[PDB]
Amino acid sequence: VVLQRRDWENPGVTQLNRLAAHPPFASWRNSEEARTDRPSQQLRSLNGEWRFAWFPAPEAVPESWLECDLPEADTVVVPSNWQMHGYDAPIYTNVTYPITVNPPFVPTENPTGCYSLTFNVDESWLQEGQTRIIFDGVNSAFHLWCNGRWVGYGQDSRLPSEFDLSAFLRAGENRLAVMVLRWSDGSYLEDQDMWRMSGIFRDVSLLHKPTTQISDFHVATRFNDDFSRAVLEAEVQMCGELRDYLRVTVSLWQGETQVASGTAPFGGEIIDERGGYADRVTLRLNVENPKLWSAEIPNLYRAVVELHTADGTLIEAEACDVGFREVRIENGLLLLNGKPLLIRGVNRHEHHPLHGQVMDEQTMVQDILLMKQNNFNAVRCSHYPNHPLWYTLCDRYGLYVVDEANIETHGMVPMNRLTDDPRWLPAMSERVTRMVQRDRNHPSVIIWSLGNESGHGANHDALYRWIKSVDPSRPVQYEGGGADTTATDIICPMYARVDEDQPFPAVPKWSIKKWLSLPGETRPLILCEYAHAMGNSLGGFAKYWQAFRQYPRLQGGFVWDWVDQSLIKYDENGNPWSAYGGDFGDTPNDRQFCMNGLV
Amino acid sequence: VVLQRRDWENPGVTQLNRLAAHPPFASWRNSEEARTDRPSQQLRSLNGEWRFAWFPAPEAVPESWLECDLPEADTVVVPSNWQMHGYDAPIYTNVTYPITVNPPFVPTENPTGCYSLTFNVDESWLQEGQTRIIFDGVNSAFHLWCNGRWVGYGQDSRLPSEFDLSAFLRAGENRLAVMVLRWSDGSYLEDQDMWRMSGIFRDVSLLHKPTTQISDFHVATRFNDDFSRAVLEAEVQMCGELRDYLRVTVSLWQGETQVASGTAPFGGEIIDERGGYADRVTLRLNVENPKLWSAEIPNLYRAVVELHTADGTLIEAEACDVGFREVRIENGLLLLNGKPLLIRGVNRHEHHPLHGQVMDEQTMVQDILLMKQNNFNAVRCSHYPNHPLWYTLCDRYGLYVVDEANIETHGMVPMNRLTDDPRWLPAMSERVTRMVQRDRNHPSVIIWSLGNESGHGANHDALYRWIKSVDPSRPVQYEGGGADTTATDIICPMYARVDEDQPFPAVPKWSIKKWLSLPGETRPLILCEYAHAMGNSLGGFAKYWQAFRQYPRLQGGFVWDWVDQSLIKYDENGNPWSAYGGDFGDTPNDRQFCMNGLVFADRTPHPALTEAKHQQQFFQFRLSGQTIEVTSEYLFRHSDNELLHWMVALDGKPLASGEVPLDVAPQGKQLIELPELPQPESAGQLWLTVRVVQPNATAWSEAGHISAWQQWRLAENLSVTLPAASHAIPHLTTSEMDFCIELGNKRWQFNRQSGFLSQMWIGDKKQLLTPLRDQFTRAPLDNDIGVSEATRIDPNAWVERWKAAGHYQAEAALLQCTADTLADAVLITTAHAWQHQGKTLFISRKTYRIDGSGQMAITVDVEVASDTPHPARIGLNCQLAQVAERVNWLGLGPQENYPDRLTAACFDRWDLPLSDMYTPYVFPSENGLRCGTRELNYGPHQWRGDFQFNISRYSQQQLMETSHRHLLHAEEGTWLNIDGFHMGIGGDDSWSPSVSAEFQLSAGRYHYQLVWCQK
Ligand SMILES: O[C@@H]1[C@H](O)[C@@H](O)OC[C@@H]1O
Ligand SMILES: O[C@@H]1[C@H](O)[C@@H](O)OC[C@@H]1O
Ligand SMILES: [Mg+2]
Ligand SMILES: [Mg+2]
């Protein structure tokens, strides 16, 4: 049935049985634990030792592997990329796709990773409530089994996939089986210039929720003219059986002091002729003289959301960090808290020389301290959503973030072949909508980006307008198709020069001073990539900074880029050395073009 | 594998293996055949006899059915709806979904239609090229097999689905097997107010293409400032192996003359850093002084697209009709070819009373001719893409079209539950993008619509912007979420009133004049639905047309709607009758709410159609003394097939006439001086009547078609002649029970206990079957009932207010009844009070004066309590003993007319048979009123006054208690209702009170008089 359908070769199927996207949940059962961000007993990690077997194609996987472990399987650490353990070669390629271009088909020789885990679930987890599994990231596509029964299917490597496991678990020993494919139709939208690797490369978790639960919540802030009064507006949705005694409380804390609070029953205001949302509620909280969030002073509040009965009993609690800040474009300038920003930015890939594309807290913290120590205030997630912990750290230390959808089709001819085709609009919309649903509560995220190097297509206009309408609190940018199309709020060129024009057919790169003054143009200009730092480089950097400071609508840009993407290899004596494209037998490749870092 | 996946319960799977959407193709292999639109040998129909079996669910279909035919299958005609053959019931429901609301799941009891066909494919079709099957429409979802192997899966009932069959066919006998499901997750987006039916309801075709083929093409037109030069721009894409010798030619023909031509190889201009489309080409053709397309003059060119080799050999040809027209919104107005449109529009469902939702050419052509004959210029596809032939006919005859995506989620709570959810954006985008890809080359399509009644969601904004960016040549409209959101170029309310605001929470309906001027508002306003035509309706229609003509940014609207959605059933004798919701055992249902048409389901007109024709006329007339001023409302054509007939008549008798040829420029005026009119001696009102007549036949009309008319009062002479004094005196006799008056052979008898005229005799022949009594009520109209959902009752509805107050139950009490002999007459004087539970509702004081000439003069004075709801009428009724063949009257006609729907009727002398004085509305109500009447003749009786009347074989009581017209039976004699006054009929909508205050009977005191005599 599974190898009969071939869901990985069909751009119309991007998932089967996958749950709705939402902000990170821990499902505390105690308001104090939620407030102070202590670990939740209801959120269990499955990171550790799994069993793994490599196969050259999905038709080579034996049927028995769904029932029980293979003899010829190894023990591996999860999260990991399987190419960092020597099962096949990592591939470094820039523009050219690492497979024959024949969308939506992939090769029949599609390397396959089979992972499996035996784990114990407590009795109390099965008696009541809902148990879900969460894959924070799997590259590129995967099918999931539990206890031999098929659960679901996922695509997009860079965002979480959640499945309901309640009807599949049993008390005692359970077994998961994950089959992961290197190539899928999703691969055509992921042609970023980076190592092409695969596996379960971000965390795996079990979460237990009650049957009546918070299913989503968003936080918005609104200010008066001089930022001395704010209204915090929280929207909460519940799932499960609606009852008259259910209440929601939202409280806002600064350290140990409660600052604001609101309670209400379910049932919103009338939306249209048929009524309102019975399963939703909106709280408005007033805050006098709020401390504002910026990269210079990252003041944060804590918001706790409680679902309780009218007689006080707590069902479930969720929480997030809240920063009060307003971003808007007014009269051609990007303003934060009423003042014009100057972006000291850098592009940053998730890369480690030993672990490949697996991030940890320690490496993330090291990068943020070095960035701030070198006078950076902003980071661009080139070119996909990051690990969820990254945003929390940027909220706490103070960096502005540009969050980017996982879409790049650089190697198509022409570049907009898929982004102008309506048959791909379903696959592109999942990449953009799920990103906004996960990250919209982080104060550090200040701009959304529709992806990178995909030409300009009608699908980009559609998705630009989707974001402006669900989230008006942040500008949208997109560089493709000449950096100033109707799908961008900011003119955002890549590698335009200060004084010299580069007059390419259809997609010219004007000098940045000339671009500002073209007939009709009123937007601000922020370079999404400039000053390419490959080897011994950054000549002429002072010339950009002279222009940023002289011209009000030149508001800075993001350097390309933070860290060299080299990998480690060993010689005969066991001494380590830095390796780039081609050094793994990967062919064709782009040699040393993967090292462009400041560090 | 198929029943394991359950693709019909997953909004993320809308198709499997379905080909890309494109304009209609025929794949001619000869440029002459393509140019002249002859049938293609490469396009084969499979319409005809298929085999069919019905099952209660998809798990009941036997495995063998993929291999070979079932024994217990029938032979049926395709296309068809299976409910029209009695396999299950059709369901009529308005808002409530016909299944439990639990998206995306459907019930396990999901009726399933299994169709199959054995057909022969020629050898030449398999040797080379590509064979595809095309389903023009299947409701709601289906899986397809060929020769036992699974091919593909489709959803969206209203657009074509195409599958490649090349690797599945074999020479000789082939078998298709189609399994169709009534319910799917697609059903949640198709909650239109209509019959819910299923099956393969549009055509099925095989198309053969070469391996190197045209895969798509679009046509755009661009003009200079005065529309004297045009550029036609054609974009062609090919599929298959690219070669250096391939060429494309585009040529443009007007009749038999070639007008423009262009040739090029493949390879477009650079698009971006990676290059251009190697498989695409763009031709630009210049056309000097092109003939422009409009609904007034539908000039069409023919465009032929040829894929050929550099040495001349033709691979394949495609073609389409091209009309040159520019639509844009500029400075708050909708312009066509630089001139502001005024939309005379109607909403139209695809409905046939025998065939259900299956359309044919003949029915389509009949609808277009009637629309144009009644002064409509525009049609809205409510609420889904139509049959592909519909657009071709609208291109050729000239109607503007609004094309609508198949999305409606009316029964969700709230209405935007799915349209605001990102998980449904994939399913909604397929409905909008495939529609634009199929229909964008039709010149008649002038506006895209995003669907109907689905609230406002982020998915609507996204799809609005998708269309503006792929097709900037047409505006987008959408009514949901308050009719003025960011997802619409035109403010497009539904049922907003001219003068009165309706201030609902979140989604208010301002009056249309106020809406235009709200702070910030700059768009044009076109009502996407107005004047709901349910039963006896369209009161207040003139009020909209007055406002459309006065205010530049009010550019018209679409009437709801064209045709009644009734079905046919049979009785025991095999006689057909019209059926509405509930009549098939379907439950729950919405009863008669499915009949809202201007015409009956068999395309006979209701009386409201004539009111629409007059209000929408293209000539306007003013009279100043002896001069008529004729103004043209045409934008593009000179009046070259028009002459003006005038006539002057005195109380029905003609005095003078004439004809003047019209010569009036678009938007111009012509003065017409009338000859010195005759001065008559006799008393009476002079009337002038003008009519515009088309002397020559058109594509859409016969010779002598009347397209416009107007009437005015001229001079009046009041009658100062006192009646001739007769010698005879009538004789009064007084018993205990009765007053009796004799004069000649005539006799009148008044009952002293009831105080009513109880009998008249001519000779010994009794004239009445019921006494002559006051009447204050009518059999309620659909606007009086005021219900849209059969589960929900409004206490503000007229009928509920009348019933609570006791108008249908009020009993007359006699106050006074006396008789006097005057010198030359007898005078009878009566008074009555109508009561309900102590409360006096009405008082009536009458005098009857019987003179020597035999004329009875009746004078009536009525008082109405100020706190009872205003009565429906103030008049008399009786049942006459005789039945005559004809009715002759002097007053407004000849059609039924009411105080708020009488602008189209003209004052004259009318004569009709009795059966034309009754309007056979499928749900029986008050009907047949004629207003402004001075004289009525029926058999030997004559009534004179200034009154309204209806005359028929059915009492008001029988019309009130009977739910279907076929159950009415003629009573003995004839029922006559004569009214001094009558309430308006309403019809701004049918689910709230909608009679304007100037047509309510709120004066508190009323007076009228009649003379009854024997002619
Ligand atoms: O490929 C990298 C980046 O993604 C691109 O946009 O510019 C060049 C750089 O090396
Ligand atoms: O249901 C019909 C139409 O679709 C709706 O929009 O208005 C009322 C009418 O009867
Ligand atoms: Mg790139
Ligand atoms: Mg509706």
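Indexing begins at 1, ligand by ligand and atom by atom, following the structure's order. We name chains A, B, ... by the order of the sequence lines, and we start the count at 1 in each one.
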- Message: Using side chain to side chain donor-acceptor pair (under 3.5 Å), reason through B:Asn452 and B:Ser382 one step at a time and then give a plain yes or no.
- Response: CA-CA 8 Å; B:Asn452 193 48; B:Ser382 64; over 6 Å; no

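- B:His351 has its side chain within reach of B:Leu567: a pair of non-hydrogen atoms, C-beta onward, lies under 4.5 Å apart.
- The closest side-chain donor-acceptor pair between B:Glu190 and B:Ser140, if any, does not fall under 3.5 angstrom.
- Around the Mg ion (ligand 3), protein N, O or S atoms at less than 2.8 Å number 3.
- Taking 4.5 Å as the limit, every side-chain heavy atom of A:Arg431 sits out of range of all side-chain heavy atoms of A:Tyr384.
- One side chain, A:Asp193 or A:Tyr92, offers a donor N or O that lies under 3.5 Å from an acceptor on the other.
- Within 4.0 Å of ligand 2, heavy atoms belong to protein residues B:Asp193, B:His383, B:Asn452, B:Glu453, B:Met494, B:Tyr495, B:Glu529, B:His532, B:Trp560, B:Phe593, B:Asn596.
- Considering B:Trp991, B:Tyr544, B:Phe558 in turn, B:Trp991 is the only one that fulfils the ring-ring contact (aromatic ring centres under 6.0 Å, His included) rule with B:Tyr495.
- A salt bridge is absent between B:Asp561 and B:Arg380; no separation between the charged side-chain nitrogens and carboxylate oxygens falls under 4.0 Å.
- Residues B:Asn386 and B:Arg348 meet the side-chain proximity criterion, which asks for heavy atoms closer than 4.5 Å.
- Side-chain contact between A:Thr488 and A:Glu479: absent, with no pair of heavy atoms (C-beta onward) separated by less than 4.5 Å.
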